[PDB]
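> Dropping in the first section of the assembly, placed as in the complex:
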Amino acid sequence: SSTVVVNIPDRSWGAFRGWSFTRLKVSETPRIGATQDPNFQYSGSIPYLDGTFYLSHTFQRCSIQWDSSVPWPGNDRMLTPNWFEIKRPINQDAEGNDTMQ
Amino acid sequence: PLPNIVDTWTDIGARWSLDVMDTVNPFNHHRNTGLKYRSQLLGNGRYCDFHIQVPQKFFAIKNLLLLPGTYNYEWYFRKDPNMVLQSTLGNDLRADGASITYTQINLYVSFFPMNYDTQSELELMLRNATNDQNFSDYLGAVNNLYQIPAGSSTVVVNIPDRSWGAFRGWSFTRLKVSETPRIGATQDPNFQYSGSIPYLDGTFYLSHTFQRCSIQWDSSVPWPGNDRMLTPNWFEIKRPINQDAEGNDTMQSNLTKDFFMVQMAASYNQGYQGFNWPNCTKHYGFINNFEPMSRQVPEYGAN
Amino acid sequence: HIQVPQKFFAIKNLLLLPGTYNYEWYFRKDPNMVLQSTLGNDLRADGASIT
Amino acid sequence: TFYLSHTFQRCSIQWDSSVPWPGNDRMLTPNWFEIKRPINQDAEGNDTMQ
Amino acid sequence: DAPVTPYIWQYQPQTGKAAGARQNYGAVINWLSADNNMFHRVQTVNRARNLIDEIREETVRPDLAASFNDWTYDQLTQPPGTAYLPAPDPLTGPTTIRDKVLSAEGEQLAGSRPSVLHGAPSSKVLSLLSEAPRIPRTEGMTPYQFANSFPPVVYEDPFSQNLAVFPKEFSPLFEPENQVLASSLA
Amino acid sequence: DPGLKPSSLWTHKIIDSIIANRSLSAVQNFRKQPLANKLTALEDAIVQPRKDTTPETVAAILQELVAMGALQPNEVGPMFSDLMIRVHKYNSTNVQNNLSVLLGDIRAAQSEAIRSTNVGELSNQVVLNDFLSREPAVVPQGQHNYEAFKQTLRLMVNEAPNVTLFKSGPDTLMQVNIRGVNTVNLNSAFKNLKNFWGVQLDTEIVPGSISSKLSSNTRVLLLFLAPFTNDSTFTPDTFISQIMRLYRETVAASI
Amino acid sequence: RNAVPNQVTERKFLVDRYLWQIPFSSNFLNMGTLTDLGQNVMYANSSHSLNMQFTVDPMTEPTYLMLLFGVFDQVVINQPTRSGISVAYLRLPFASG
């Protein structure tokens, strides 16, 4: 699969600070809330507990909507205004929008 | 072709389309009078010059009215021979020596010779913020191409929870993968077909083969679900006769009583006060091109 | 498997209020009257039958 | 029941033997009305309807 | 000895109506491991934020609450714009008749002076750019007005009154088609 | 009414509007009618058709229980046919008096609501707010003179000393104390003023053929509303804004 | 005269160019472009998912199904200054789905 839809119901949203997101393998991530994880057959580096993030690429896109209609930041702030576009594969690119080669 | 599959005796006396020609594109024909007219309009030979006029089909700038100012208007044209040109047989035009090339183009506009002090009043009325021009797409749809595997029958689609406010309705057909390109890329290397594309043209022909359909909101609460239909849980579309027990078969065909209603009620605003032939019938309408048919066969096997 | 109307004009467009109603109506089994041949022969002699 | 409309090339209208019509640089060829053109003499693309 | 949490409103961006009201979780102090001294300090700043909200809900302008989700045109903030001045005669334009006269003398003309925008004699002309529409907006509030009116209400005793003053508007599935009518009810 | 009452009963009433009370307008409509429409009004002079008032009396008190909030509006569907099926069976004089006494308490309950609140002082506004209801409320070529004309017409209803503002069957008349041509039809004055809101005095080959289409009905209406307006009224340099400052200064000067 | 007995009848129908439609209305009629369930308070002010399974006849090759959702695609456009233009694209309900 290649699409995640995360929904949050209504909340006060007072002094919200920001977002942060990566990807983590299911085999490389334990469930700490149990006294012992039975589905945890791994013993290398855990990026959920260490720093050690390495799948911080593979994201391509990010779209944020408030109350399903109001975009953020929808004041025509970005070049692609309706979604944060993370990767742009080249040979699928016309109007620049690529950094650092 | 094999000799005995058709002759002057096959299904004799019966208005009956062939059971294997049903899922074969009928617009790949030489009696396709549009494609015969669109091919003869260019010429008869192989090497031809052309001089054409193409529209602007994007709805925001389709019929926008412009005020004074210097504007910048660029656009990309295609060169794929499978996409640009249409063949009757629907072969690969990329394989043989078919090629399109452009020597020069130019844009034509038509300035209305309005009076310079009448325009000075009409510009001021359109520079205003309360006179902003509104436009809408005529289709008003969201394309989604869910894939049926080869030889399968059941396909589940799943939408996570959204607004669903001012939602208008559903619409669905089937499209062959070989006959449907991928437009989101700059070129489709798996696109080996050059007949009529039903995703881009109208030209749907697999609007049959839709045995059942069920809409369900939260893996509960079926829609409409208020005992509205005959079979109130799902939208049963076809029921094959020799399995049907109690009615459920309009038009001397397989189309059911409950689902024939919701097509005449959607398209032609009928169903509650008796059916008839409607007054205004569109080209992509329902009762224009719905064609039922029947035949008989002898029992086989014993003697 | 066909669908036949009601063509008597006091029922053909009647808007019916609530209540229980009994609606009885007879159907023909005459082959010369129900069916229609091209040549216009005698179908109740020529083996035609409907049930 | 006319059949000879397809055989005109030019329509040059001049008002007082000095003023053309419509004048004012209206058309792409403003001085006359150029009805048909052979396509070999068209290198600038002033042909409708194919 | 504990005050109640104030009910916060839900603004629906399409149609501008209010989609019910839930209580303000997500801004609650976790007092569940405080002794008798910290509990009095925590419930003091809960009684401070309710005292601020009771001052703010004193000015709720009580005929917006009467026609709740049923607001007409005179109760809504309109976009600004002038009244209707009629459009002047285009025969009275500065170069309309003289183009019909100077050309008929024999001239061919080309050229013109730029407009007032550089691309009641004259106040009637420039009033076209700041003109109000014909019928003003009905049935919708901007979020400037939904935040100015309708503060987070406080509901001191939960549901201990008559059923006529039952707060039916706090449900998100509230349409304005029901028997009892709305009023100023916290 | 729910309503169980038909409107425009002229086939029963045109013949005793000519003999009794001598209406001249009923004569002009009666001569115009064809011979078949005419013979269906001459028998109703001779014999009058008797109508059963039982289902109109029973439906009168089902609407009162809806009005008091006693039962929901979806229940006068089934409960009406359950009460009519009882009075068809047990019909007697003791039942026909029970319907009239209950019906006599409906009118006596609302006539007390008229005298105690004194809504008879506002009897002009009730007929007038009923008149401004079925109107389109959005006119082409207008809409600022049209909204302001209604507000100055509602001002005249409240500020003028004696205006009766009654109504006939189809339309609404209006009667002030200037003797002679007191009455003004408000309905046919708004069909004449349908096009004349956003008319600007520019396109006239001859003056006239704009002010001449104003009939003698709607010209008197523009005369009655002329003192009760201002210059902070109808939008300037239009046709109606210069009538109302012409008819104002032929009344403010003729004193 | 000597027709074969015990024969069985077979029905089908061909529909071309139609694209079967299911309106999101209460009585399946066209009472408005904005339908009545589209401005219902139960569907507008709440979030619901959608599970919608089909059943088609098996074919001999892969096949897309062209599912369309009726949305309301709209623009506005203002031109407040010479050489100045701006739009606002917004559709209900599927804003970037």
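Okay, I see it. Numbers count the residues shown, from 1 in each chain, chains lettered A, B, ... in the order given.

> what about the residue in chain A positioned nearest to chain D, neighbour count?
Of chain A, the residue with the smallest distance to chain D, taken as CB to the nearest CB, is residue A:94 at 27.1 Å. Quick note: C-beta positions are derived from backbone N, CA and C, even for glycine. As a burial measure, the neighbour count of residue A:94 was computed by other CB atoms under 10 Å in any protein chain shown and equals 8.

> ok, now residue E:103?
Using other CB under 10 Å, residue E:103 is surrounded by 13 other residues.

> Chain F contacts on chain E?
E:83, E:84, E:85, E:86, E:89, E:91, E:134, E:135, E:179 (CB under 8 Å from any CB of the partner chain).

> Tabulate those residues (CSV), appending secondary structure and neighbour count.
CSV is the format used below for those (DSSP: H, G, I helix; E, B strand; the rest coil; neighbours: other CB atoms under 10 Å in any protein chain shown):
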residue, secondary structure, neighbour count
E:83, coil, 9
E:84, coil, 17
E:85, coil, 17
E:86, coil, 17
E:89, coil, 12
E:91, helix, 11
E:134, coil, 14
E:135, coil, 11
E:179, coil, 6
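
> Would you agree residue G:56 is in contact with residue B:149?
No - the pair residue G:56 / residue B:149 is not scored as a contact, 11.1 Å apart, by CB atoms under 8 Å.

> Skip the chain neighbours and tell me the closest residue to the residue in chain G positioned nearest to chain A.
Closest to chain A within chain G is residue G:96: 5.1 Å, counting by CB to the nearest CB. Spatially, and ignoring its direct neighbours in sequence, residue G:96 is nearest to residue A:63 (5.1 Å; CB to CB, 6 or more residues apart in numbering or on different chains).

> next up, chain H:
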Amino acid sequence: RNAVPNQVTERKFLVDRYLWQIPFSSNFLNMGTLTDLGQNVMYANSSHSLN
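If we add chain H to the chains shown above, we get the following:
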């Protein structure tokens, strides 16, 4: 496959039952039977003499 090279195109059109009309107005539309220029030639009542 054995098509001749160096082909030249030829275009033409056939119009039947139609007179080529050229209206005497400004933008060549139909804003009136008595046109725009039908009233503007009457300025000062001079004359014209066309070919």
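
> let's see the neighbour count of residue E:103 again after adding chain H.
For residue E:103, the tally of surrounding residues (other CB under 10 Å) stands at 15.

> Tell me who's in contact with it.
Under the criterion of CB atoms under 8 Å, 6 or more residues apart in numbering or on different chains, the neighbours of residue E:103 are residue E:109.

> and the residue nearest to residue G:24 when sequence neighbours are not counted, backbone torsions?
Taking CB to CB, 6+ apart as the measure, residue G:24 lies nearest to residue B:169, with 4.4 Å between them; neighbours along the chain are not counted. Backbone geometry at residue B:169, expressed as degrees, to the nearest 10, gives phi 160, psi -170.

> can you check residue G:68 too?
Residue G:68 has phi and psi values of phi -120, psi 140 when expressed as degrees, to the nearest 10.

> hmm, back to that, may I have the beta-bridge partners of the residue nearest to residue G:24?
residue G:23, residue G:70 (DSSP bridges).

> For residue B:59, see how far away it is.
Taking CB to CB, to the nearest Å as the measure, residue B:169 falls 20 Å from residue B:59.

> and if you look at residue F:247?
Note on residue F:247: its distance to residue B:59, by CB to CB, is 52 Å.

> Residue G:17: what's it in contact with?
By CB under 8 Å, 6+ apart, residue G:17 lies in contact with B:202, B:203, B:204, B:205, B:207, B:283, B:284, B:289.

> mind running it again at 7 Å?
Residues near residue G:17 by CB atoms under 7 Å, 6 or more residues apart in numbering or on different chains: B:202, B:203, B:204, B:284, B:289.

> Chain I goes on too:
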Amino acid sequence: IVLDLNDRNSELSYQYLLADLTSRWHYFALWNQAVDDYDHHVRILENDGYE
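Chain I added:
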């Protein structure tokens, strides 16, 4: 001002717009406006033998 989405089909939206405004039977050679059709007696062919 041309923000282009992938869920949109501006090609098919033009094909349903043209069936609404004008008739589809006619051939208008400017916009290459020619309807893709088939033969009604070939697709849904009717075997009637021969006269």
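
> In light of the added chain I, please revisit the neighbour count of residue E:103.
Taking other CB under 10 Å as the neighbour definition, residue E:103 ends up with a count of 15.

> residues making contact with stretch A:43-52?
Counting by CB under 7 Å, 6+ apart, A:24, A:28, A:29, A:30, A:53, A:54 sit against stretch A:43-52.

> Tell me how far the residue in chain A positioned nearest to chain H lies from residue B:73.
For chain A, the residue positioned closest to chain H under CB to the nearest CB is residue A:94, at a distance of 34.3 Å. In this view, residue A:94 and residue B:73 are 15 Å apart by CB to CB.

> again, but for residue G:69
To residue B:73, residue G:69 is 31 Å away according to CB to CB.

> Geometric centre of the chain: which residue is closest?
Because you didn't say which chain, this covers chain A. Compute the mean C-alpha point of chain A, and by CA atoms, centre = their mean the closest residue is residue A:21, 3.9 Å away.

> wrong one, chain I
residue I:35 (4.2 Å).

> and it, how far is that from residue B:37?
Remark: distance between residue I:35 and residue B:37 (CB to CB) = 9 Å.

> and what of residue A:6?
In this structure, residue A:6 lies at 53 Å from residue B:37, with CB to CB as the measure.

> same deal with residue F:157?
Computed as CB to CB, the residue F:157 to residue B:37 distance reads 70 Å.

> Please apply the same query to residue G:27.
With distances defined as CB to CB, the gap from residue G:27 to residue B:37 amounts to 43 Å.

> what does residue F:17 give?
Relative to residue B:37, residue F:17 is positioned 72 Å away (criterion: CB to CB).
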